[PDB]
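So this one's data-v2.pdb, PDB, C-alpha atoms:
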```
ATOM      1  CA  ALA A   1       9.585  10.862   9.751  1.00  0.00           C
ATOM      2  CA  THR A   2       7.340   8.157  11.281  1.00  0.00           C
ATOM      3  CA  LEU A   3       4.982   7.930   8.289  1.00  0.00           C
ATOM      4  CA  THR A   4       7.060   5.185   6.703  1.00  0.00           C
ATOM      5  CA  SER A   5       7.381   3.148   9.928  1.00  0.00           C
ATOM      6  CA  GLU A   6       3.848   3.857  11.253  1.00  0.00           C
ATOM      7  CA  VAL A   7       1.898   3.170   7.997  1.00  0.00           C
ATOM      8  CA  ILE A   8       3.796   0.037   6.923  1.00  0.00           C
ATOM      9  CA  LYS A   9       3.321  -1.470  10.403  1.00  0.00           C
ATOM     10  CA  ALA A  10      -0.475  -0.993  10.067  1.00  0.00           C
ATOM     11  CA  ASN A  11      -0.564  -3.365   7.052  1.00  0.00           C
ATOM     12  CA  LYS A  12       2.207  -5.215   5.180  1.00  0.00           C
ATOM     13  CA  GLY A  13       1.582  -7.881   2.490  1.00  0.00           C
ATOM     14  CA  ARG A  14      -2.019  -8.430   3.712  1.00  0.00           C
ATOM     15  CA  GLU A  15      -3.757  -8.734   0.273  1.00  0.00           C
ATOM     16  CA  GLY A  16      -3.929  -4.958  -0.463  1.00  0.00           C
ATOM     17  CA  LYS A  17      -7.701  -4.428  -0.193  1.00  0.00           C
ATOM     18  CA  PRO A  18      -8.550  -3.365   3.411  1.00  0.00           C
ATOM     19  CA  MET A  19      -6.806  -0.210   4.755  1.00  0.00           C
ATOM     20  CA  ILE A  20      -6.958   1.053   8.368  1.00  0.00           C
ATOM     21  CA  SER A  21      -6.030   4.644   9.217  1.00  0.00           C
ATOM     22  CA  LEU A  22      -4.368   4.477  12.633  1.00  0.00           C
ATOM     23  CA  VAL A  23      -4.863   8.261  12.566  1.00  0.00           C
ATOM     24  CA  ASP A  24      -8.339   7.667  14.040  1.00  0.00           C
ATOM     25  CA  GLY A  25      -8.374   3.843  13.952  1.00  0.00           C
ATOM     26  CA  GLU A  26     -11.107   3.116  11.386  1.00  0.00           C
ATOM     27  CA  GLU A  27     -11.805   0.392   8.799  1.00  0.00           C
ATOM     28  CA  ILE A  28     -11.782   1.719   5.213  1.00  0.00           C
ATOM     29  CA  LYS A  29     -12.584  -1.234   2.933  1.00  0.00           C
ATOM     30  CA  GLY A  30     -11.972   0.190  -0.565  1.00  0.00           C
ATOM     31  CA  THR A  31      -8.587   1.913  -0.118  1.00  0.00           C
ATOM     32  CA  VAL A  32      -5.003   0.681  -0.639  1.00  0.00           C
ATOM     33  CA  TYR A  33      -2.167   2.690   0.985  1.00  0.00           C
ATOM     34  CA  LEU A  34      -4.221   5.740  -0.123  1.00  0.00           C
ATOM     35  CA  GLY A  35      -3.965   8.964   1.901  1.00  0.00           C
ATOM     36  CA  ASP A  36      -0.493   7.971   3.152  1.00  0.00           C
ATOM     37  CA  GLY A  37       2.063   8.367   0.348  1.00  0.00           C
ATOM     38  CA  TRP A  38       1.527   5.573  -2.211  1.00  0.00           C
ATOM     39  CA  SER A  39       4.198   5.728  -4.936  1.00  0.00           C
ATOM     40  CA  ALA A  40       4.928   3.285  -7.777  1.00  0.00           C
ATOM     41  CA  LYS A  41       6.014   2.904 -11.407  1.00  0.00           C
ATOM     42  CA  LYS A  42       5.208   0.398 -14.204  1.00  0.00           C
ATOM     43  CA  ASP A  43       8.108  -1.965 -15.069  1.00  0.00           C
ATOM     44  CA  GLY A  44       5.974  -4.034 -17.506  1.00  0.00           C
ATOM     45  CA  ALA A  45       4.552  -7.407 -16.297  1.00  0.00           C
ATOM     46  CA  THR A  46       5.470  -6.501 -12.689  1.00  0.00           C
ATOM     47  CA  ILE A  47       4.611  -3.307 -10.763  1.00  0.00           C
ATOM     48  CA  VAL A  48       7.036  -1.839  -8.179  1.00  0.00           C
ATOM     49  CA  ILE A  49       5.336   0.034  -5.317  1.00  0.00           C
ATOM     50  CA  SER A  50       6.221   1.161  -1.788  1.00  0.00           C
ATOM     51  CA  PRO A  51       3.171   1.164   0.564  1.00  0.00           C
ATOM     52  CA  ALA A  52       3.624   4.705   1.977  1.00  0.00           C
ATOM     53  CA  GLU A  53       7.283   5.522   1.173  1.00  0.00           C
ATOM     54  CA  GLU A  54      10.851   4.097   1.183  1.00  0.00           C
ATOM     55  CA  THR A  55      14.011   5.791   2.597  1.00  0.00           C
ATOM     56  CA  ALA A  56      16.680   3.070   2.384  1.00  0.00           C
ATOM     57  CA  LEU A  57      15.601   2.168   5.953  1.00  0.00           C
ATOM     58  CA  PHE A  58      12.739   0.131   4.460  1.00  0.00           C
ATOM     59  CA  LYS A  59      12.114  -1.846   1.233  1.00  0.00           C
ATOM     60  CA  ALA A  60       9.969  -1.932  -1.922  1.00  0.00           C
ATOM     61  CA  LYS A  61       6.947  -4.246  -2.348  1.00  0.00           C
ATOM     62  CA  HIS A  62       6.271  -6.397  -5.414  1.00  0.00           C
ATOM     63  CA  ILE A  63       2.907  -6.658  -7.159  1.00  0.00           C
ATOM     64  CA  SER A  64       1.985  -9.118  -9.901  1.00  0.00           C
ATOM     65  CA  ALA A  65       0.432  -7.341 -12.886  1.00  0.00           C
ATOM     66  CA  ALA A  66      -2.841  -9.163 -12.084  1.00  0.00           C
ATOM     67  CA  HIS A  67      -2.574  -7.889  -8.479  1.00  0.00           C
ATOM     68  CA  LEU A  68      -2.392  -4.343  -9.905  1.00  0.00           C
ATOM     69  CA  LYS A  69      -5.881  -5.033 -11.285  1.00  0.00           C
ATOM     70  CA  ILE A  70      -7.114  -5.576  -7.711  1.00  0.00           C
ATOM     71  CA  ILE A  71      -5.884  -2.155  -6.609  1.00  0.00           C
ATOM     72  CA  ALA A  72      -8.078  -0.364  -9.185  1.00  0.00           C
ATOM     73  CA  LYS A  73     -11.099  -2.340  -7.883  1.00  0.00           C
ATOM     74  CA  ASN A  74     -10.348  -1.219  -4.296  1.00  0.00           C
ATOM     75  CA  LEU A  75     -10.434   2.559  -4.983  1.00  0.00           C
ATOM     76  CA  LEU A  76     -13.469   2.306  -7.325  1.00  0.00           C
TER      77      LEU A  76
END
```
Conversion result in structure tokens:
Amino acid sequence: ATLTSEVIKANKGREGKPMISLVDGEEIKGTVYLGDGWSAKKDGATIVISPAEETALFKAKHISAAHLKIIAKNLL
């Protein structure tokens, strides 16, 4: 699959807030890895999330608990 390589390349560690869909190249301020394959879990005091996916050929992404607060603001 190219979803994992294609989506991560679009944005990686750039203050999750602005998301561009290379599908039609457009700025979507108010989305965070949404509409791609966002997946995460709560570890308690530190969230673990992979932008679009993770197949051993890529890596996870950290998120401070406070940063998790920013993601909710982005969607709504």
Practice task
Run the PyMOL selection byres ((chain A and resi 30) around 9) on the file and write out the hits as a ChimeraX atom specification.
Solution key: /A:17-19,28-29,31-32,71,73-76
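Here the question is which of A:34, A:57, A:52, A:72 gets nearest to residue 7 of chain A using only C-alpha atoms, and that residue is A:52.
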Handout entry: Within 9 Å of segment 42-46 of chain A using only C-alpha atoms, minus same-chain residues under 6 positions, as a PyMOL selection string
Key = chain A and resi 62-66+68
Per-residue nearest contacts of segment 12-72 of chain A to segment 2-6 of chain A (9 Å; all atoms listed in the file) as CSV:
```
residue,atom,partner,partner_atom,distance
A:22,CA,A:6,CA,8.4
A:36,CA,A:3,CA,7.5
A:37,CA,A:3,CA,8.5
A:51,CA,A:4,CA,8.3
A:52,CA,A:4,CA,5.9
A:53,CA,A:4,CA,5.5
A:54,CA,A:4,CA,6.8
A:55,CA,A:4,CA,8.1
A:58,CA,A:4,CA,7.9
```
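Among the candidate residues A:67, A:61, A:9, A:14, the one lying nearest to residue 39 of chain A is A:61, with distances computed using all atoms listed in the file.
Atom to atom, atom CA of residue 16 of chain A and atom CA of residue 33 of chain A stand 8.0 Å apart.
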Fill in the blank from the handout: Between atom CA of residue 24 of chain A and atom CA of residue 50 of chain A lies a distance of 22.5 Å
